[PDB]
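Below is one structure, written out as structure tokens, with a few remarks after it.
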Amino acid sequence: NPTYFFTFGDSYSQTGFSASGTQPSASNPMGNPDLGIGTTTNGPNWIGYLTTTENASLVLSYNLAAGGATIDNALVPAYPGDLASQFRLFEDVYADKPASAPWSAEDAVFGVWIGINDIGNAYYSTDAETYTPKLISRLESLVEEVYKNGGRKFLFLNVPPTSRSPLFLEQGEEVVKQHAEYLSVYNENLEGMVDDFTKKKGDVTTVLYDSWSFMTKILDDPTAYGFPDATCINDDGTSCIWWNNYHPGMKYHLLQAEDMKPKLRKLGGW
């Protein structure tokens, strides 16, 4: 009895999964590409770990995350594969529960990790208090499409402190601050949405994963997690928190997935 794990997001979640590539199976939970390929971590990312290392039973990963993704190019634009387009790919291919992915409300989990690029690209040009409700509302409408399809189990990851990535640190403490304050407002409104959605539907199981606090813990005390500092970059994915100046490595993603496991037990795969 597999858990069908449909994920949506940006570079922090991408694996290069193609809807026309090898599809997920008990023998190949990720489908394509090989576990550990296609990520920004030098190895598995949090989805690969959740699927093959932290899983308590069979998890099949259909990972529609695309690098550079914002929520909707009508709001904060970036790349064609925005979150709205990922939901469209889901609607086109998997929403009708084909024989290849015969999911049901009882065994499908829809995981969304979005906002890094929305905030990254709009934190200095928009008013967080009045603009992030628009982004969050678009995210909610996308979620409602899956709810209409029969999805009932949802996992939302709030935005991690990319304010403290080397990419943003280099821009100076003023910029870090302005980005971080914007991001905090986004994450509050995300939390409020997930709570309202959960309450309003009444028949959904949802998890809001506070990636922000988790990675902030590590950044604040890196040596306690085996990292030499909070700022070095190493593309081996394990020597430093950061695999490149904007993305954490496989060691971080594994720590996050291990932190996420107990919180995911109620979703059925963990």
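So the sequence shown is numbered by PDB author numbering: it starts at 24 and just counts up by one. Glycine included, every Cβ here is placed at the ideal spot set by N, Cα and C.
Reducing DSSP to helix, strand and coil, say where residue i ends up.
i: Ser-236; result: helix
i: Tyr-205; result: helix
i: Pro-100; result: coil
i: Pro-271; result: strand
i: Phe-191; result: helix
i: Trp-69; result: helix
i: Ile-60; result: coil
i: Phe-31; result: strand
i: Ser-48; result: strand
i: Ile-256; result: strand
i: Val-230; result: strand
i: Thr-221; result: helix
i: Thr-26; result: strand
Comparing C-alpha positions only, which one of the options sits nearest to residue i?
i: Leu-87; options: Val-99, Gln-109, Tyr-102; result: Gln-109
i: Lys-157; options: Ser-50, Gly-134, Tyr-209, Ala-118; result: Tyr-209
i: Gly-215; options: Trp-69, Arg-111, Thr-155, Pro-103; result: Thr-155
i: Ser-186; options: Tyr-146, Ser-164, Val-217, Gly-91; result: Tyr-146
i: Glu-152; options: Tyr-27, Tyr-35, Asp-259, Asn-212; result: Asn-212
i: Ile-142; options: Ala-124, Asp-119, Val-198; result: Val-198
i: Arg-161; options: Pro-183, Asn-96, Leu-178; result: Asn-96
i: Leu-58; options: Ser-84, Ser-80, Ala-79; result: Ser-84
Return the CA-CA distance between residue i and residue j, expressed in angstroms with no decimal places.
i: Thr-74; j: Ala-280; result: 10 angstroms
i: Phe-250; j: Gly-225; result: 42 angstroms
i: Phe-133; j: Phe-31; result: 8 angstroms
i: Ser-236; j: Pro-271; result: 15 angstroms
i: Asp-115; j: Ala-128; result: 18 angstroms
i: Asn-172; j: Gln-201; result: 39 angstroms
i: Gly-44; j: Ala-122; result: 16 angstroms
i: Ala-89; j: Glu-168; result: 19 angstroms
i: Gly-138; j: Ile-241; result: 21 angstroms
i: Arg-288; j: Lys-176; result: 12 angstroms
What does the Cβ neighbour count give for residue i, buried or exposed, with the cut at 16 atoms within 10 Å?
i: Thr-62; result: buried
i: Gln-37; result: buried
i: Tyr-248; result: exposed
i: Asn-268; result: exposed
i: residue 14; result: Residue 14 cannot be examined here, being either before or after the span of the chain that is shown, 24 to 293.
i: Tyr-205; result: buried
i: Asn-181; result: buried
i: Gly-54; result: buried
i: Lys-274; result: buried
i: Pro-103; result: exposed
i: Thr-64; result: buried
* To do: Scan the region 111-141 and note each continuous beta strand (DSSP E) run of 3 residues or more that stays entirely inside, going in chain order.
  => 131-136
* Asked: What are the complete alpha helix (DSSP H) segments, minimum 4 residues, inside the region 71-99?
  -> none
* Asked: Fully enclosed by the region 138-183, which beta strand (DSSP E) runs are 3 residues long or longer?
  -> 176-180
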